[PDB]
Amino acid sequence: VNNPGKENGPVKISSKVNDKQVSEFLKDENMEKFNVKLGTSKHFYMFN
Amino acid sequence: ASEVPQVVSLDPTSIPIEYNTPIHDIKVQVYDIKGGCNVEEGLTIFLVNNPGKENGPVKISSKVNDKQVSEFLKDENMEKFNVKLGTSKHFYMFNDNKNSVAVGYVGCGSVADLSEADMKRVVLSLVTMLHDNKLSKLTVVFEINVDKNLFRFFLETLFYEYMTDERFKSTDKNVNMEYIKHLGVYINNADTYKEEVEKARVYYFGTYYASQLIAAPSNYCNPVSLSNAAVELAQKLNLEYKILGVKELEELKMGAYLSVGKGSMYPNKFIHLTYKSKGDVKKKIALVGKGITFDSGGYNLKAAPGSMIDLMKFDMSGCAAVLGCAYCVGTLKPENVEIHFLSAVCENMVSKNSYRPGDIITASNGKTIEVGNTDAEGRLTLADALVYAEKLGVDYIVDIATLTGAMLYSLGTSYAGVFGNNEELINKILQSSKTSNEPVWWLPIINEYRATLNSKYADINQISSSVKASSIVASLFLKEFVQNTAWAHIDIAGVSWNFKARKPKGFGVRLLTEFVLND
Amino acid sequence: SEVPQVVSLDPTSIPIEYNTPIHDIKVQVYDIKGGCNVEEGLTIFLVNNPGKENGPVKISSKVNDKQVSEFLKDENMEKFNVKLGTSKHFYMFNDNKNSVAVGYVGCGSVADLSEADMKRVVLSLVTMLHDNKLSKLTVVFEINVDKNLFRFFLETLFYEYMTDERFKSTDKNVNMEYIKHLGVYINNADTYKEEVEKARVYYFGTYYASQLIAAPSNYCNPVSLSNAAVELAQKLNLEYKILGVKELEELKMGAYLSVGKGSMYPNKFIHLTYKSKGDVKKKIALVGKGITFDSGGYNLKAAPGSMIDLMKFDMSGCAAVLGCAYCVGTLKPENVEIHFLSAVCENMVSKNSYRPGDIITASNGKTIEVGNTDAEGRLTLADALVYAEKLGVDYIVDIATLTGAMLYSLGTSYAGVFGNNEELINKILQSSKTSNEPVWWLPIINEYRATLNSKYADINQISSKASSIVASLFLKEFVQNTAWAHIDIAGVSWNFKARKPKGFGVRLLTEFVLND
Amino acid sequence: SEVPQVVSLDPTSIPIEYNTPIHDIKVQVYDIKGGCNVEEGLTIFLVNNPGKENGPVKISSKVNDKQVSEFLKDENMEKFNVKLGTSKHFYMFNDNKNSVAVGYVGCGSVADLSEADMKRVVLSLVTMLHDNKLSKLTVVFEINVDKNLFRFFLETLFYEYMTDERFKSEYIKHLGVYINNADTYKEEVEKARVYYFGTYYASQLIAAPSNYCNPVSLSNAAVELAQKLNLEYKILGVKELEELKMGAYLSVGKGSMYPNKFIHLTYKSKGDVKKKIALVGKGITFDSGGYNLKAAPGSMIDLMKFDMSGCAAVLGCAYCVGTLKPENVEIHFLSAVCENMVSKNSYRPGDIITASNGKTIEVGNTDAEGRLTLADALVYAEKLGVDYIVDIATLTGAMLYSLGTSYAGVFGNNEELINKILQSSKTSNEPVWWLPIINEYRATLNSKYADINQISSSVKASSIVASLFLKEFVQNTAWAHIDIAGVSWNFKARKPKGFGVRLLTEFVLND
Ligand SMILES: [Zn+2]
Ligand SMILES: [Zn+2]
Ligand SMILES: [Zn+2]
Ligand SMILES: [Zn+2]
Ligand SMILES: [Zn+2]
Ligand SMILES: [Zn+2]
């Protein structure tokens, strides 16, 4: 994921995912806590 | 306060200092693990280990007051993860109240007793989970055994490493910089650990304040601005202060210290701060820090490859540790003690006015010194500061200085070296090293090398013709300036700068405070 | 304006020779088809032999003298060969029973001579002029040269022939005598005639730049160099402005001011302007590095091979820009506005010098952590670039003796060009071809940008080995939205073999301004 | 056994002097209470002045000669001063009209003499011995010395007096000592003579150049020593070393014309074994540095014949132990002997080699060869099932910068063993200082390809990093490492010290 223009801007996921648990995790409010700085990563374990 | 001279109007006239840091806004709550863990907003991290079983599975032992979170954290669910030191994982789930919660862990390895170095690795892993995540809260659950001192070290290290110094950023400030407002801690026998919280916050600031002075470049942090910052600190803490200027230093015949500063555009400033307990004074201590704001090497210019001239703004790290200690002492207010915080501040430069290799200079105790190398300036400034300290009639004199490059070859970057003329004082420093978790190793003052300092003309040579045991020879030189007082010298040249993180450590603040407090 | 002195013997100006002996040479161009008159001085034929390597000399031109024509017949000439740079002198009596000197310079066996080959031909012809008291030289072109190469031949001849005696006192050459006349015989002469005065202007721009570079640091300091730029601007009727310390402080030029802190000479920022009468179609800022002496500062040039003795040449970029101002001011191009800029200062060791580790603020507000005081050029250029961009120009071109790594990458013949705009780079490459001042395009590798990330400041001045590229990445941070190119002349500026400057970049920058 | 030669002029053995002139000196110890007899040779008073600058020389002892007593009167002696090492000696006629020489050595103003101070006193005494044809020397102690310091005085005197003339192409026959409580000091005499020889023997091996002292001739000399002392011995050759998979040690010697020789000597005590010890010495007969050649200014390639000083200290210790015969102790004297050379056959920087315990090692620098040979020697020592493993080596040049030329550094994995070494340092008067093994630096030895790196990139703390590497080759035994790179060579006297012989013997004896 990137954010054109907005340097180190928030993460926003556009794809629809076929899992209710994962869609909820991927909501804009949760993802905005993270930023797109090149190479920055976050990953979480959860139940689908 | 003195006026800082400028070459151009764009030259800075003060060191920017952040006193009210975001760490000071963190509300810390300590809970006993026996009452169970509440898992709500922010991020909840378990500090877990597995004794014996190297890279063994994660098992969460604490009672968690949430049926959903307890289920997620069960042995069968956690066994796919391991305790490898510094390892970490993030978890996401819904709790009993149908709210999204972030949980995780930091692996603490398989050794039951963590060293200061191991704890630093755990803290660094925890800090990577705080960075790049906009969190209002962090909760830490201790499922490892830590004594009171190690628990305090955990908090100090967390606060220090979490803090980002943006004083010199203008167009490149981190737009996403957001700090937690709350810190929850769960630990067994919590009531016994509670007193460590505010002590850790004071120790963090003393260390971070020292770090701010060290990191501040030589155009910002010069002898005038550094002595002005010491005055401001003294005024905020209600400490007594005296800044000795050139006229007063000349009257005191501080020829060794004055010669070093001759080539600088900044007049020498000798810092003397005093803390005195309100009741009966049982112990008097002088803490002496090397205060070279920039060390070019002088006419013996740092031109050799690997001489690290670009790092020389750090040559006042000793002074910074002493001032950071003044912050801790002035805040904690120990009883029955009188502490003098001293630094012969100057800058070692190349000029038509500089002292030269071969010059014979007279110290304040009347000893004539033959200068063999202008880059061995620290011992000259310290000689006059030590004479001054002894005239105060103290029980102990402790100096701290980035004195010799050889420390990097002897002890390296983790352990500072301690030298002294008194075994009881050395043992007190070693004990303070254990309780502060700032590592120090006792090194000898080898008397056989004293003859290498015999000068043909002056009373003494500043340096040996080499010899090579530089750190020991420097200690033998310093010993000549303490006549009848228990004295110790801490060489921090190797430990002061964190090369990997490209920042100072603020080394010695906690060590010196523990020394003052536990006396 | 007043140059500070330590002692009364310290010079207060740069001696400059404007009216050189080259300017007293009367040049005449004749068409080769009308034949060659061989009457006096020395007549040199420029001859080649395509295909036949070290082939015989054959004189093709008609010579309007029976005696000389006989001497130059194939049978007499066959003993001589065309090997590149070979030369021979002949002596004979012409039809008027007068002694005449004739000769040739071999131009090899390749029909198209390169700039390097032409330089060898010129050097050989120059050895024939030296140590021979002549009133006149005639050159007969029996080789094929385009208009640009003919002009390069004359510029090179004028530059190489000229001897700089400004600093000679008891050792002036007693036998120094320059020709008063130059005759040129070439095919289609009328097309080459316009190249003569253009070559004379290009020679002087180059020679003027050379005079400033060769002038030592006690003569050529920030005050005397800015005074020389004012005098040049007055002679050419160019608009001029010298910015002093007070104005530089108001403009917040902290990177440039920090470099000059340790000098006894106040910083002087040169701003000359040429504006065409008529509609302005292109606005250009030419920025030259103007370090009058580079000691390295606290990071002193003490290492073996650091060439501290050559550091008076560290204002070569400024000299190229001023030489260009002479050419532009003389030739008067239409539809252009040119700004000639240089942040002039001296990098010294003093109680007042900036230190390694200092954090300084550039005029665009960027904080810079100084990693090495000897990477001073990029600091002065950062503030000059911010200044240039505020002028609202179409192109910014900087020229500087920036990195010693140029000697290892391209060597002493080709300068390196870096930039943020391909069209501008191509224009510089095209100007390189027509000026015959060689340049090679080098990349600005974005992957190295992370090496300039400072822990404390907004940016590091240096990385902590692709030095010339890292210096270009640093400079790129001071140009926000303008086409910019950077010419690193550290390797090409000084002619090590001849022990003199080249005046490199004058012709390249003038061709760039003129052909736009 | 047969030493290879390039030319017929190449030596095939190390010349060794066993019967030295020191062995011919008859030593007598007397109480100072009965007065001093001055009948022949040279008589020296060891005098100090508590409260001096240094102050005047004043002789306290009664002398049984009217002429000598007159010379030694307060008024005459006051013209001389007690400055450490200052001496004066005069020839005169005694009561029997015989030629006698009488003088003093200044002992300073400090009542307690350090090992360094005592060495200065001894040097001054030896200068007088070297420029005087004497049959007898008598030393009068007017200073306080304990039994250990008195033994150190004798050893130092014997060692410094002895001149090594083996490569070149008169001594006193009697030594008299006057001391308070003379009965207390008598047993120290023959112990000093043994300690002197082990030290001098080590010195002879070290001083022997690399053409004389090579892996073959050094292992042959160790066999001859073992035979003379009735010690058990075994020399492991290349075939046996290959079977034992000693890849780290064998790689170092690849570029040498001399085959690797592993020395294993063993002393078994009479009586029940209470402690088993393995003493491991670094045995590099010449260290060129290999492909990482010692070409840098100050790299001291010309001194590199001394790179077997650790092996020499271990063999010198075998002499003392074999002679003094301590009870209830079994000792193994080990050295992985080889030569570090430049050849088409040498190991290269970057090579990955396998140690005898199966650990793969990435070679970062061919000049960090000592730790490679020691790794295999440590694996071998641990397989012997000992209580303590002590290695001694001229390992790191950084010792010169950390402790200098007087104090060796000791590192280890066991505090009780370290304390035993420091205690042996105190009683042998061979100074050692405890240095840490900083576990935080272990990660610098993580190799991308091999199990471990030989060196750290930068190092920083080189001597500590070398100790961390060695620690990887000891699994479950108390181990200590003595780095003698700084102390082994006496730069001012241009000779070896034979450092470590007395330290290791005191360690074995006091256990
Ligand atoms: Zn210094
Ligand atoms: Zn310093
Ligand atoms: Zn430079
Ligand atoms: Zn420069
Ligand atoms: Zn080696
Ligand atoms: Zn070695």
Side-chain angles (χ1 to χ4, degrees), chain D residues 3 14 202-203 205-222 235-236 238 241 246-263 279-294 299-316 333-343 345-347 353 355 361 363 365-378 380 391-399 454-455 462-463 466 469-470 481-489 496 498-500:
Chain D
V3 351
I14 305 163
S203 173
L205 298 175
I206 300 158
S210 302
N211 58 321
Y212 282 84
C213 177
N214 55 66
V216 186
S217 64
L218 180 57
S219 57
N220 286 344
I235 307 302
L236 292 70
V238 171
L241 299 163
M246 290 199 206
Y249 164 48
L250 285 164
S251 292
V252 174
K254 275 172 62 166
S256 181
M257 68 172 279
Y258 305 105
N260 282 25
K261 295 292 181 194
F262 189 107
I263 302 166
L279 301 178
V280 179
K282 174 181 170 174
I284 305 299
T285 65
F286 188 69
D287 188 17
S288 70
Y291 274 92
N292 284 101
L293 186 68
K294 282 177 196 305
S299 57
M300 292 173 272
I301 194 168
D302 66 321
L303 211 107
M304 297 298 147
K305 66 179 181 179
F306 101 130
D307 216 27
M308 40 55 68
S309 293
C311 173
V314 166
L315 296 177
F333 304 90
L334 313 173
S335 191
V337 190
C338 63
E339 193 193 42
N340 193 23
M341 306 289 272
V342 179
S343 170
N345 301 123
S346 301
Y347 81 141
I353 66 187
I361 304 150
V363 174
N365 188 303
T366 65
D367 195 14
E369 88 299 333
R371 76 188 73 184
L372 301 178
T373 71
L374 289 170
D376 279 321
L378 289 171
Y380 184 95
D391 80 74
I392 183 159
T394 50
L395 211 66
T396 66
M399 288 312 302
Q454 168 205 38
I455 58 154
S462 327
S463 314
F469 178 86
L470 296 177
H481 157 60
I482 309 165
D483 197 334
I484 62 158
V487 304
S488 174
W489 193 261
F499 189 103

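In the text below, chain A, chain B and the rest are named by the order of the sequence lines, each starting its count at 1.
Between D/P215 and D/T285, the closest heavy-atom pair is CD-OG1, 3.3 Å. Among all heavy-atom pairs drawn from D/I301 and D/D287, the shortest one is CG1-O, 4.2 Å. Contact record, D/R371 with D/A368: CG-O, 3.5 Å, taken as the closest heavy-atom pair. Between D/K305 and D/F286, the shortest heavy-atom contact is N-CD1, 3.9 Å. Residues D/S288 and D/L293 share a closest heavy-atom pair of O-CD1, 3.4 Å. Of all non-hydrogen atoms in D/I284 and D/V252, the two that sit nearest each other are CD1-CG1, 4.3 Å.
Of the inter-residue distances, the one linking D/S210 atom OG with D/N340 atom CG reads 11.5 Å to the nearest 0.5 angstrom. Taken to the nearest 0.5 Å, the CE atom of D/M399 stands 10.5 Å off from the OG atom of D/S462. Taking CD of D/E339 as the reference point, atom SG of D/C213 lies at 10.0 Å (rounded to 0.5 Å). To the nearest 0.5 angstrom, D/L279 atom CG is 10.5 Å from D/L315 atom CG. Here the straight-line distance linking atom CG of D/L241 with atom CG of D/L250 works out to 5.0 Å at 0.5 Å rounding. Note that CG of D/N260 is 12.5 Å distant from CD1 of D/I235, once rounded to the nearest 0.5 Å.
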For D/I206 and D/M308, what are the C-alpha separation, side-chain angles and deciding distance, and is it a side-chain contact (heavy atoms from CB on, under 4.5 Å)? CA-CA 7 Å; D/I206 300 158; D/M308 40 55 68; 4.2 Å; yes
D/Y380 vs D/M246, test: side-chain contact (heavy atoms from CB on, under 4.5 Å). Steps then yes/no. CA-CA 9 Å; D/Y380 184 95; D/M246 290 199 206; 3.6 Å; yes
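Using a distance-only test at 3.5 Å, with no hydrogens or angles considered, no donor-acceptor pair links the side chain of D/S203 to the main chain of D/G498. Panel note: side chain D/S219, backbone D/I263; no donor-acceptor pair is recorded below 3.5 Å. Side chain of D/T366 to backbone of D/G289: a donor-acceptor contact under 3.5 angstrom is found. A donor-acceptor pair under 3.5 Å links the side-chain atoms of D/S309 to the main chain of D/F306, judged by distance alone.
With sequence neighbours left out, the side-chain hydrogen bond (donor to acceptor under 3.5 Å, both in side chains) criterion links D/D307 to D/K282, D/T394. Contacts of D/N365 classified as side-chain contact (heavy atoms from CB on, under 4.5 Å), with partners at least two apart in sequence or in another chain: D/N292, D/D367, D/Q454, D/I455. Not counting sequence neighbours, the partners of D/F469 by the ring pair (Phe, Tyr, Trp, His ring centres under 6.0 Å) test are D/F473. Checked against ring pair (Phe, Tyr, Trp, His ring centres under 6.0 Å), D/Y258 has no partners two or more places apart in sequence or in another chain. For D/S346, there are no side-chain hydrogen bond (donor to acceptor under 3.5 Å, both in side chains) partners at least two apart in sequence or on another chain. By the side-chain contact (heavy atoms from CB on, under 4.5 Å) test, D/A336 pairs with D/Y249, D/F262, D/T373, D/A377, sequence neighbours left out.
D/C311 places a side-chain heavy atom less than 4.5 Å from the side chain of D/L218. Counting heavy atoms from C-beta on, the side chains of D/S463 and D/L395 never come closer than 4.5 Å.
The only member of D/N220, D/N214, D/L205 that meets side chain to side chain contact (heavy atoms under 4.5 Å, CB included) when paired with D/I14 is D/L205.
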